[PDB]
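A.B. asks: The structure follows.
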Amino acid sequence: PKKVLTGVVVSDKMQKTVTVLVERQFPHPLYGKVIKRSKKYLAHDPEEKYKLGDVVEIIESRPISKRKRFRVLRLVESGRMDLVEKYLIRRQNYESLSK
Amino acid sequence: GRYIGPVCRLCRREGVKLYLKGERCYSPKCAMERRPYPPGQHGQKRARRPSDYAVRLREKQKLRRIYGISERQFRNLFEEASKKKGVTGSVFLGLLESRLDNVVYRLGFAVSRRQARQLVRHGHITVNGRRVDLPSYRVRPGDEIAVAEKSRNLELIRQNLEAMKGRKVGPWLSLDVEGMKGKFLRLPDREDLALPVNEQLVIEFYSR
Amino acid sequence: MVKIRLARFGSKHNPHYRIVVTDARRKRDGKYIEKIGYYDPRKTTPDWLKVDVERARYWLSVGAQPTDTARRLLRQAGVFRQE
Amino acid sequence: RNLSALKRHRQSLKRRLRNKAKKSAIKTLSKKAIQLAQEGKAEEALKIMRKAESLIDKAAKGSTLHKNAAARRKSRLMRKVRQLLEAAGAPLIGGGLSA
RNA sequence: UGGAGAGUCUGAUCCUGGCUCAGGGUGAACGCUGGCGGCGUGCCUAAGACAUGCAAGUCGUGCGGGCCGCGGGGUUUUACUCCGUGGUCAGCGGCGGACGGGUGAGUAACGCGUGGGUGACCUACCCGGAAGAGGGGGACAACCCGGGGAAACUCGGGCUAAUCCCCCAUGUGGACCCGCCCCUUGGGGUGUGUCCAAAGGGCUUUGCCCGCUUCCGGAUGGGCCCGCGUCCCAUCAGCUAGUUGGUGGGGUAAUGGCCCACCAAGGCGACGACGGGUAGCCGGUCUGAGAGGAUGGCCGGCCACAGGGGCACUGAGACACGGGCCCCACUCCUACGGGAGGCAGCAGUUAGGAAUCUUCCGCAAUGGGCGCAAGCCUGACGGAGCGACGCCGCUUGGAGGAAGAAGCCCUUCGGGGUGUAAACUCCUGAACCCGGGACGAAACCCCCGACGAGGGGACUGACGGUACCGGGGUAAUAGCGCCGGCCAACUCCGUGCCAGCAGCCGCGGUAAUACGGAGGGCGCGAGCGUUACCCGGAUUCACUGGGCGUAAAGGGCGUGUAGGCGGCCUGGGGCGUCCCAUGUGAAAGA
Ligand SMILES: [Mg+2]
Ligand SMILES: [Mg+2]
Ligand SMILES: [Mg+2]
Ligand SMILES: [Mg+2]
Ligand SMILES: [Mg+2]
Ligand SMILES: [Mg+2]
Ligand SMILES: [Mg+2]
Ligand SMILES: [Mg+2]
Ligand SMILES: [Mg+2]
Ligand SMILES: [Mg+2]
Ligand SMILES: [Mg+2]
Ligand SMILES: [Mg+2]
Ligand SMILES: [Mg+2]
Ligand SMILES: [Mg+2]
Ligand SMILES: [Mg+2]
Ligand SMILES: [Mg+2]
Ligand SMILES: [Mg+2]
Ligand SMILES: [Mg+2]
Ligand SMILES: [Mg+2]
Ligand SMILES: [Mg+2]
Ligand SMILES: [Mg+2]
Ligand SMILES: [Mg+2]
Ligand SMILES: [Mg+2]
Ligand SMILES: [Mg+2]
Ligand SMILES: [Mg+2]
Ligand SMILES: [Mg+2]
Ligand SMILES: [Mg+2]
Ligand SMILES: [Mg+2]
Ligand SMILES: [Mg+2]
Ligand SMILES: [Mg+2]
Ligand SMILES: [Mg+2]
Ligand SMILES: [Mg+2]
Ligand SMILES: [Mg+2]
Ligand SMILES: [Mg+2]
Ligand SMILES: [Mg+2]
Ligand SMILES: [Mg+2]
Ligand SMILES: [Mg+2]
Ligand SMILES: [Mg+2]
Ligand SMILES: [Mg+2]
Ligand SMILES: [Mg+2]
Ligand SMILES: [Mg+2]
Ligand SMILES: [Mg+2]
Ligand SMILES: [Mg+2]
Ligand SMILES: [Mg+2]
Ligand SMILES: [Mg+2]
Ligand SMILES: [Mg+2]
Ligand SMILES: [Mg+2]
Ligand SMILES: [Mg+2]
Ligand SMILES: [Mg+2]
Ligand SMILES: [Mg+2]
Ligand SMILES: [Mg+2]
Ligand SMILES: [Mg+2]
Ligand SMILES: [Mg+2]
Ligand SMILES: [Mg+2]
Ligand SMILES: [Mg+2]
Ligand SMILES: [Mg+2]
Ligand SMILES: [Mg+2]
Ligand SMILES: [Mg+2]
Ligand SMILES: [Mg+2]
Ligand SMILES: [Mg+2]
Ligand SMILES: [Mg+2]
Ligand SMILES: [Mg+2]
Ligand SMILES: [Mg+2]
Ligand SMILES: [Mg+2]
Ligand SMILES: [Mg+2]
Ligand SMILES: [Mg+2]
Ligand SMILES: [Mg+2]
Ligand SMILES: [Mg+2]
Ligand SMILES: [Mg+2]
Ligand SMILES: [Mg+2]
Ligand SMILES: [Mg+2]
Ligand SMILES: [Mg+2]
Ligand SMILES: [Mg+2]
Ligand SMILES: [Mg+2]
Ligand SMILES: [Mg+2]
Ligand SMILES: [Mg+2]
Ligand SMILES: [Mg+2]
Ligand SMILES: [Mg+2]
Ligand SMILES: [Mg+2]
Ligand SMILES: [Mg+2]
Ligand SMILES: [Mg+2]
Ligand SMILES: [Mg+2]
Ligand SMILES: [Mg+2]
Ligand SMILES: [Mg+2]
Ligand SMILES: [Mg+2]
Ligand SMILES: [Mg+2]
Ligand SMILES: [Mg+2]
Ligand SMILES: [Mg+2]
Ligand SMILES: [Mg+2]
Ligand SMILES: [Mg+2]
Ligand SMILES: [Mg+2]
Ligand SMILES: [Mg+2]
Ligand SMILES: [Mg+2]
Ligand SMILES: [Mg+2]
Ligand SMILES: [Mg+2]
Ligand SMILES: [Mg+2]
Ligand SMILES: [Mg+2]
Ligand SMILES: [Mg+2]
Ligand SMILES: [Mg+2]
Ligand SMILES: [Mg+2]
Ligand SMILES: [Mg+2]
Ligand SMILES: [Mg+2]
Ligand SMILES: [Mg+2]
Ligand SMILES: [Mg+2]
Ligand SMILES: [Mg+2]
Ligand SMILES: [Mg+2]
Ligand SMILES: [Mg+2]
Ligand SMILES: [Mg+2]
Ligand SMILES: [Mg+2]
Ligand SMILES: [Mg+2]
Ligand SMILES: [Mg+2]
Ligand SMILES: [Mg+2]
Ligand SMILES: [Zn+2]
């Protein structure tokens, strides 16, 4: 089976490409608590269909370019920017804690 | 090579009669007779209360020195007993009692342990028709432990089997005295042995 | 070419071979595709050769090439006997 | 010293020139054909595209282009000819291509 | 099926707390000691430098010759010339030098592990199936001729064969553009058009064997892509210009900023970016009650490299350890113009080092390369050698033998100890001598049968006259550590804060069981101690399994971002969670 993932689009600014953020839940290998990691994937959007805040299913594909090995399957849930605002705010926090 | 030297000196240090000498441990010369105290200059001095390790140590030697085995083969036999299913205590004894050199003595073919060792080592013992010259060879239940007809005319063999006439053998053994045969029926149980050794003491010696 | 041959698993002066399907390029004791039997040359046991012919018959269909010694043993278990 | 594996090296330079020669022919003819297609001569570009194709499939007969490598150049050629032949098309010879 | 503790801070106590010890482990080294054999193992440092030898070749059943020789021919003789044959050498051509073998440098990475994708692909030889091989043409070596150079070698001219190269045909079929159909990323089919096939050799020469060509499929091997896991430092916090994406092209077996042009301004980071340090990774191994910690030698799998760096050629396959080109360092030859090299292949030398082996036998076995075969090659491998380096088995005697010799040791001077230990009596018979003497080996081949099944027959050893069996047969190596407590074993003399012991606490400054010797004793025993290193005890990084009032430890206080956490009732979903089936979890190990 081609690996399939479900995540939220956090970036519209590329051409024919959207950045999809896929969370992951799994218990810690020693300390046993449930931890939530996440990883951004570069998805291929040929028709520029999907927008910011859309929750989509991503699927393992023949590589389109560097860093782009996944295509967008279908739109699960449309337009929930709260998931995007959660990402922006954390990214915005890195302007502090420098000097 | 196993320990070779004064033996009835070790009858004394253990405080218990050690029949490694064969005869003369029965006659009142064993030096367990009228000399039960340990050897050395301080043997007659009052002994201090032994430490909890002191007791465990002496009990192992009391058992090990009885079969006449180096600690190397001894320890390995223990580590084998702990893994197998059953009571580590009794299983270890049955494994010692399965030593060919020990079975030879137990069968009365030889007077002592050391003597039964030499009889095996020189090939005078037959196991199921073949010669077996290894004292460490483990006998399985049902094997026939015989005397090589090459040695059946030896005066030392006809000597010990002469006193074995009418003598009874252990319940896990049986022997034909004329044809100089013998058979290992089953592994002896804890009750089958009268060895003056607490086995839990020896196990407790190895937990450390 | 995929071959059928032996692999030495015994000890010094005590050889024990594993009749084995492997690519000719791998080591004679290296990784192999499938273990299709064993061979005791010194004939120390009552059963010193076993094959599972119908498996050996498969690999000959897909083009495995047996050694002269492998073919000799395969014939002894009747891989080629066609009656 | 003096291993006769040097015999292989001596042959290597033989085959070197052979492969090099055929390739320089493929390229020079292909560029000559696509020149005419761009220049609108429909017959001459076709009469050349044939010999280019024949030279290609002949190179694959040996150890030069053996794989689908021959097909790529054959594919790329017939497309660019037909494409460039779309400037007052009139595919005169019509030999190499399909109706 | 499995879990032990102890010493040390006080005058004494409890607690906290570090240190230390008993246990196991090692590719070990060192000290003393050292008998036999089996199986393992053996440069951990300089990926430093290497003498010499060997480590990849084979095919005359692809082709034409050179040299040395023999025989038979055309001739009256000669000259010249034809044919067969033997040796030998390379050359042209085919297959293999990409496997096998070595190393751990570089790599923190799709390198490895694990589970998947390939509608984005390749695969020599082998197997199955379909089909075909018609005609013509040409060159380069060998060889012959000339020249240059000290050499390595190199330049020019001429003749020639082929399973070398080329043209045309035949189109089973395949390739390509375009259309159509079905599938759905480049998968399959179909149509028109265009393009593409080939080689002979051998005989028991009318038929068969070794080969050749196109296509489809299998098998095996592999490329690329993805989820996840993969050491320390935040006293590394910001990184990034082909960098992120797009369109088109180049290149590849094949996707892709892999490369190129142009366009857009993006991509990554506190869930550790970037940098720095360190390191091949795993199966496993050691340890541990376990969780865990440590490690990756040997063997097996993957990877990376071949003096350092870069590069391609040839090919199914390499950017190639024993192939090529170039730069650099080093060593050798040099006629100073220029050349030859590359043990991290097996031994072996040197250097470094505490430390790591023979310049051994063999093609008999197994495996690989080439060949119709016979056979050839194989420092892969199988064996031997050395080293207690590890494991295991085995010997240095067995039995009788004094209320108990000598000597040494202590003594209450009565005696006690070494001690059945020795002497000595009897029996056995490690070594060693003599004879027999292997398994590992049956195919390949030959013969019958059709070169099949099947049957039949014959040659074939390193180890090695070793293993083993039978006979003969001698009493025939013991060592090392420790004895104040943990910790098992005590007295005397010697020395007087000296000489020294010491893992920790501590001993010795005139009676020392702690120093040094003796007697004696304890522990192991062909070993015994030691040092280093790993885990253990250590619940002393506490997930299992700890703490912060005064012992080490609450931030000076607040606000609040991210994150972590979430009252009661119903319902959908079924991500976490739980259950069943299945695939996987190589082999070895355990
Ligand atoms: Mg967009
Ligand atoms: Mg693109
Ligand atoms: Mg889609
Ligand atoms: Mg910023
Ligand atoms: Mg145990
Ligand atoms: Mg069980
Ligand atoms: Mg048990
Ligand atoms: Mg019984
Ligand atoms: Mg234990
Ligand atoms: Mg391989
Ligand atoms: Mg068959
Ligand atoms: Mg029949
Ligand atoms: Mg039939
Ligand atoms: Mg050649
Ligand atoms: Mg040109
Ligand atoms: Mg190529
Ligand atoms: Mg038990
Ligand atoms: Mg239980
Ligand atoms: Mg139970
Ligand atoms: Mg357990
Ligand atoms: Mg103190
Ligand atoms: Mg105290
Ligand atoms: Mg205090
Ligand atoms: Mg004090
Ligand atoms: Mg403590
Ligand atoms: Mg230790
Ligand atoms: Mg050896
Ligand atoms: Mg090294
Ligand atoms: Mg050789
Ligand atoms: Mg010839
Ligand atoms: Mg003549
Ligand atoms: Mg005539
Ligand atoms: Mg003449
Ligand atoms: Mg001729
Ligand atoms: Mg000749
Ligand atoms: Mg030749
Ligand atoms: Mg090479
Ligand atoms: Mg290799
Ligand atoms: Mg090695
Ligand atoms: Mg790094
Ligand atoms: Mg990094
Ligand atoms: Mg992976
Ligand atoms: Mg990764
Ligand atoms: Mg994988
Ligand atoms: Mg010609
Ligand atoms: Mg010709
Ligand atoms: Mg010439
Ligand atoms: Mg010429
Ligand atoms: Mg044609
Ligand atoms: Mg057709
Ligand atoms: Mg057509
Ligand atoms: Mg021809
Ligand atoms: Mg050809
Ligand atoms: Mg396949
Ligand atoms: Mg990572
Ligand atoms: Mg650019
Ligand atoms: Mg592109
Ligand atoms: Mg544009
Ligand atoms: Mg992350
Ligand atoms: Mg490194
Ligand atoms: Mg364990
Ligand atoms: Mg770890
Ligand atoms: Mg690791
Ligand atoms: Mg390794
Ligand atoms: Mg390099
Ligand atoms: Mg080097
Ligand atoms: Mg290099
Ligand atoms: Mg090739
Ligand atoms: Mg390479
Ligand atoms: Mg080399
Ligand atoms: Mg050399
Ligand atoms: Mg030195
Ligand atoms: Mg060796
Ligand atoms: Mg062949
Ligand atoms: Mg050779
Ligand atoms: Mg070897
Ligand atoms: Mg006396
Ligand atoms: Mg005696
Ligand atoms: Mg005698
Ligand atoms: Mg044999
Ligand atoms: Mg035989
Ligand atoms: Mg042969
Ligand atoms: Mg015939
Ligand atoms: Mg036959
Ligand atoms: Mg011989
Ligand atoms: Mg004998
Ligand atoms: Mg003696
Ligand atoms: Mg101890
Ligand atoms: Mg004590
Ligand atoms: Mg001392
Ligand atoms: Mg004095
Ligand atoms: Mg004093
Ligand atoms: Mg004194
Ligand atoms: Mg003293
Ligand atoms: Mg002393
Ligand atoms: Mg002493
Ligand atoms: Mg031993
Ligand atoms: Mg520790
Ligand atoms: Mg712990
Ligand atoms: Mg614990
Ligand atoms: Mg600590
Ligand atoms: Mg906790
Ligand atoms: Mg819990
Ligand atoms: Mg605490
Ligand atoms: Mg405090
Ligand atoms: Mg406060
Ligand atoms: Mg404070
Ligand atoms: Mg809740
Ligand atoms: Mg929540
Ligand atoms: Mg579920
Ligand atoms: Mg397994
Ligand atoms: Mg198994
Ligand atoms: Zn006694």
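All positions are counted from 1 along the displayed chain.
Each Cβ is built from the backbone N, Cα and C atoms, and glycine gets one as well.
Swiss-Prot feature annotations, pasted as is:
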- B:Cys8, B:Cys11, B:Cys25, B:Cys30: Zn(2+) binding site (BINDING)
- B:98-160: domain 'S4 RNA-binding' (DOMAIN)
A.B. asks: Including all protein chains displayed, how many Cβ atoms other than that of B:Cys11 (Zn(2+) binding site) lie within 10 Å of its Cβ?
C.D. replies: 25
A.B. asks: Starting from the Zn(2+) site formed by B:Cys8, B:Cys11, B:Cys25, B:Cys30, give every other residue of that chain whose CB sits within 8 Å of the mean position of their CB atoms, in sequence order.
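C.D. replies: After dropping the recorded site residues, what remains is B:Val7, B:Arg12, B:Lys17, B:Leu18, B:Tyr19, B:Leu20, B:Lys21, B:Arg24, B:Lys29, B:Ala31, B:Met32, B:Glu33.
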A.B. asks: Which residues, sitting 6 or more apart from B:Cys30 (Zn(2+) binding site) on the same chain, put a CB under 8 Å from its CB?
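C.D. replies: B:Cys8, B:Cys11, B:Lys17, B:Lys21, B:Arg24 - these are the non-local Cβ neighbours of B:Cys30 (Zn(2+) binding site), listed in sequence order.
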